[PDB]
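Trainee: experimental structure below, sequence on top.
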Amino acid sequence: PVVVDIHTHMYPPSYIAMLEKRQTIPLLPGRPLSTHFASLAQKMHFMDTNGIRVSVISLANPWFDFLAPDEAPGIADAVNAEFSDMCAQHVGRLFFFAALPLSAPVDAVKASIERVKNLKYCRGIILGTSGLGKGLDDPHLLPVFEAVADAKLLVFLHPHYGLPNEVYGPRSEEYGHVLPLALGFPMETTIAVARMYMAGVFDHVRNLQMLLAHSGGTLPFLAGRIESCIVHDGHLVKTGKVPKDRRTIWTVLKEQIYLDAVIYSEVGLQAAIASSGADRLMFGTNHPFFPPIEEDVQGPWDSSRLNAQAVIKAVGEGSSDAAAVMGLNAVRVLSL
Amino acid sequence: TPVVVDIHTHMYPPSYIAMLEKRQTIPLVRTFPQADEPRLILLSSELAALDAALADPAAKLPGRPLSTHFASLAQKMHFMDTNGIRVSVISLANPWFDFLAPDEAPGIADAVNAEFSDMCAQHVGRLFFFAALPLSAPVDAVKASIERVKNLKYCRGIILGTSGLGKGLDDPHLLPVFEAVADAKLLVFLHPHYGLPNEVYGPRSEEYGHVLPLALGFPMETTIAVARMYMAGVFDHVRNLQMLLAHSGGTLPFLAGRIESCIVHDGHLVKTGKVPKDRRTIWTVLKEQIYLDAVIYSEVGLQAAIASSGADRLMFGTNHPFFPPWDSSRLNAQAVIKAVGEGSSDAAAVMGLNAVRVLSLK
Ligand SMILES: [Zn+2]
Ligand SMILES: [Zn+2]
């Protein structure tokens, strides 16, 4: 009964080092930074306490997107080295998603892909929605998707930019970070994957595999609506973009898309399972972003247990589908 | 045998269309040489396609085709008879009266609402309507329109967008409007229109047609609006308020759990005492003050909507006549057969009986 967490983050000491040369951004305001973000000891302590055996860690947002094109490749190389080295400290319990210097020229990005492919304990790539600066449906980004897919690396798509702040209205500050995090993040994810599907990225790179943060954002709920809008669209019909042999979003959700379990609900989880299948769901925690305010921070976490109990509500404890989502799927797909 | 009710179905009265035919700014209706039917242009996402069509008469046709079905009450009844729909609760479609000048808004709103009442009178027992409010006008002019539609025959609720008076739905100046509507026992039908700022769809948005604004922008707009209402405490401040949400609440049934998790873990909210132990959760609101329409186009969506609000709070809709190829009305009826089952009490409830009870359709 191996338990694997595929949605878990760290800010390495080398990453925090360069964060304190900037007074622009990254930064009462914002989040408070603790040892849980930086200390690998605190990570393994969290894993032991919460019954987690193997973690596929990844750098948290904003990654390297804010960096200048000249410094970004060098910084990405150093941070990815740290990740590989951190994984070697606890062999068999730690793997990682590498981050790419997407603010650098395409050549440097493709060179990074070749390097991280040959880094120990690396099993994939984490990337945001901005791409090279014009989203994931940017034609210049196709050779990047092709290189990542050929390298046998899983793409972990993660939000950061959310939606433009105006949408939340002039009272947004009164609700804390609830609106950007609860809505902005999953909506950003959905738009990005929709733009990918509409541009035909999945068709052009059919070996590409995609893991989606927060159960696809809202994708499992909006998939049917997206399909209906596609088949009825006059512009797409006239231009011959909708033939009979066209791969529907449901087919892509079951052939090329994986979903995480960080949805905090059995309602949402049931929708995601019915979208991709119980074999294509993977348990996550989003550690260390949601710590208890009243309860002890060094003990068990509320965010991790809510996602765990939802699985038991969805597929039942003891069954093959439960052991798969909780870890055995990640072991299978990410070669652990 | 059980009565079928369509609660999501639209009309533009002829006078409303004529008003749009002479607009040079969105919303508008424009006739093109290469098309028989005029073009309906309602959205900010259509702005670029419009300007390109005016400069070059060879470019793709902007907006959507304006069929006769939008203004035809006869074609509405024909559609109902063909699909076995006994009752339609009709509503003015977006953008309603939002774009009207503050001075002329209440007068036009009063006239159009009276037309809708007269339309329903042509087919007694088969047509009811949601009214629209002159929300660009001062609050007292809005209030005056509420007590007017309160007295109108066959009026069963209010349809409104997400902009409110201009500051959204969490604007405290809008609270008395929610109160008045709730005190009048009128169901509020929240409906999308504004979507999301066009930049989120990227520089290739034109290549995808209407898919992204309609399939994503609309439901996301709805979700942000309701979340803003909820976070502001609108459901606590107006306890008798009942809300019908278009397209199964947008994304709300899927995101509800995430919203809840973010609230309890929000440091700023907990410290300011905005998260008490006796607070009404989003789950509670979804079962007490929120109804959802059954226009989701999937069994996955509908099942999630049923789990969130309950079968007694789901209501069948078609979005007639925004579906030109009649098949989406059959597709949305088909999902009910798989989710709860054909012939059951739950199906009969979703398909019409819930609407009969909640809207007092007699
Ligand atoms: Zn995360
Ligand atoms: Zn509609």
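Mentor: Done, it's in. Numbers count the residues shown, from 1 in each chain, chains lettered A, B, ... in the order given. Ligands and ions are numbered 1, 2, ... in the order given.

Trainee: flag every residue of the stretch 51-200 of chain A that's near chain B.
Mentor: Counting by C-beta under 8 Å from any C-beta of the partner chain, the residues of the stretch 51-200 of chain A close to chain B are A:134-135, A:137-138, A:163-164, A:166-171, A:174-179, A:181-183, A:186-187, A:190-191, A:194-195, A:198-199. Heads up, the C-betas are built off the backbone N, CA and C, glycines and all.

Trainee: okay, and which of those map to helices?
Mentor: Using DSSP state H, the subset of those located in helices is A:178, A:179, A:186, A:187, A:190, A:191, A:194, A:195, A:198, A:199.

Trainee: what about the fourth one, how many neighbours?
Mentor: Spelled out, that is residue A:187. By other C-beta atoms under 10 Å in any protein chain shown, 28 other residues sit near residue A:187.

Trainee: correct me, but it touches residue B:220?
Mentor: Yes. At 5.1 Å, residue A:187 counts as touching residue B:220 under the criterion of C-beta atoms under 8 Å.

Trainee: overlap in contacts, the two.
Mentor: Contact criterion C-beta atoms under 8 Å, 6 or more residues apart in numbering or on different chains; residues bridging residue A:187 and residue B:220 by contacting each: A:163, A:218, B:251.

Trainee: which ones are touching residue A:151?
Mentor: If you count contacts by C-beta under 8 Å, 6+ apart, then residue A:151 has A:113, A:114, A:117 around it.

Trainee: how about residue A:157?
Mentor: By C-beta under 8 Å, 6+ apart, the residues touching residue A:157 are A:127, A:128, A:129, A:189, A:192, A:193, A:210, A:211, A:212, A:213.

Trainee: can you get me a residue count around the fifth one?
Mentor: This means residue A:192. 26.

Trainee: now the third one
Mentor: In terms of burial, residue A:129 registers 23 neighbours under the definition other C-beta under 10 Å.

Trainee: which SS state does it fall under?
Mentor: Assigned by DSSP: H, G, I helix; E, B strand; the rest coil, the conformation of residue A:129 is coil.

Trainee: that one against residue A:155, yeah?
Mentor: No. If you go by C-beta under 8 Å, residue A:129 and residue A:155 don't touch, sitting 11.9 Å apart.

Trainee: for chain A, list the residue farthest from the centre, please.
Mentor: residue A:238 (35.9 Å; C-alpha atoms, centre = their mean).

Trainee: what's that one sitting at in phi/psi?
Mentor: For residue A:238, the backbone dihedrals are phi -60, psi -40 (criterion: degrees, to the nearest 10).

Trainee: and the gap between it and chain B?
Mentor: Residue A:238 is 8 Å from chain B, where distance means C-beta to the nearest C-beta, to the nearest Å.

Trainee: do the same with residue A:46
Mentor: Counting by C-beta to the nearest C-beta, the gap from residue A:46 to chain B is 16 Å.

Trainee: repeat for residue A:80
Mentor: Using C-beta to the nearest C-beta, we find residue A:80 at a distance of 28 Å from chain B.

Trainee: for residue A:61, same thing?
Mentor: 16 Å.

Trainee: go on, residue A:38?
Mentor: 19 Å.

Trainee: who are the contact partners of that residue?
Mentor: A:10, A:11, A:12, A:13, A:16.

Trainee: same question, residue A:285
Mentor: By C-beta under 8 Å, 6+ apart, the contact set of residue A:285 is A:5, A:7, A:8, A:50, A:52, A:262, A:301, A:303, A:304, A:307.

Trainee: let's see 7 Å
Mentor: Residue A:285 sits next to A:5, A:7, A:8, A:303, A:304, A:307 when contact means C-beta atoms under 7 Å, 6 or more residues apart in numbering or on different chains.

Trainee: tell me the secondary structure for the residue of the stretch 101-250 of chain A found nearest chain B?
Mentor: Nearest residue of the stretch 101-250 of chain A to chain B, counting by C-beta to the nearest C-beta: residue A:224, 2.5 Å away. Three-state call for residue A:224 (three-state DSSP): helix.

Trainee: quick one: the strands in the stretch 1-150 of chain A?
Mentor: A:4-10, A:54-59, A:94-99, A:122-127 (DSSP state E, counting those that start in this stretch).

Trainee: weed out the non-buried ones from the contacts of residue A:38.
Mentor: Buried subset of the contacts of residue A:38 (neighbour count, 16 or more other C-beta atoms under 10 Å in any protein chain shown): A:10, A:11, A:12.

Trainee: I'd guessed the last one sits against residue A:78; true?
Mentor: No. Under the contact definition of C-beta atoms under 7 Å, residue A:12 does not touch residue A:78, with a separation of 8.8 Å.

Trainee: what about residue A:134, how many neighbours?
Mentor: When neighbours are counted by other C-beta under 10 Å, residue A:134 registers 14.

Trainee: which residues touch it?
Mentor: By C-beta under 7 Å, 6+ apart, the residues touching residue A:134 are B:202, B:203.

Trainee: run a quick neighbour tally on the residue nearest to residue A:261 when sequence neighbours are not counted.
Mentor: The shortest distance from residue A:261 to any non-neighbouring residue, by C-beta to C-beta, 6 or more residues apart in numbering or on different chains, is to residue A:283 (4.8 Å). If you count neighbours by other C-beta under 10 Å, residue A:283 ends up with 26.

Trainee: give the contact list for residue A:283.
Mentor: Neighbours of residue A:283 in contact, by C-beta under 7 Å, 6+ apart: A:4, A:5, A:261, A:311, A:325, A:326, A:327.

Trainee: mind doing that once more with 10 Å?
Mentor: Taking C-beta atoms under 10 Å, 6 or more residues apart in numbering or on different chains, we find residue A:283 in contact with A:3-7, A:52, A:260-262, A:304, A:307-308, A:310-311, A:322, A:324-330.

Trainee: check residue A:273 too.
Mentor: By C-beta under 10 Å, 6+ apart, the contact set of residue A:273 is A:215, A:220, A:259, A:261, A:266, A:279-281, A:311, A:314-315, A:321, A:325, B:300.

Trainee: of these, which is the most crowded?
Mentor: Top of the contacts of residue A:273 by neighbour count (other C-beta under 10 Å): residue A:215, with 31 neighbours.

Trainee: would you confirm that that residue contacts residue A:263?
Mentor: Yes. Assessed by C-beta atoms under 10 Å, residue A:215 is found in contact with residue A:263 at 4.3 Å.

Trainee: host element of the residue lying closest to residue A:150 once chain neighbours are set aside?
Mentor: Closest residue to residue A:150 apart from its sequence neighbours, by C-beta to C-beta, 6+ apart: residue A:207 at 7.0 Å. Using DSSP states H and E, residue A:207 sits in no helix or strand.

Trainee: on that earlier part again, quick check: the residue of the stretch 101-250 of chain A closest to chain B touching residue A:231?
Mentor: No. If you go by C-beta under 10 Å, residue A:224 and residue A:231 don't touch, sitting 11.0 Å apart.

Trainee: just to be sure, residue A:211 is in a helix?
Mentor: No. When three-state DSSP is applied, residue A:211 is found to be strand, with no helix at that position.
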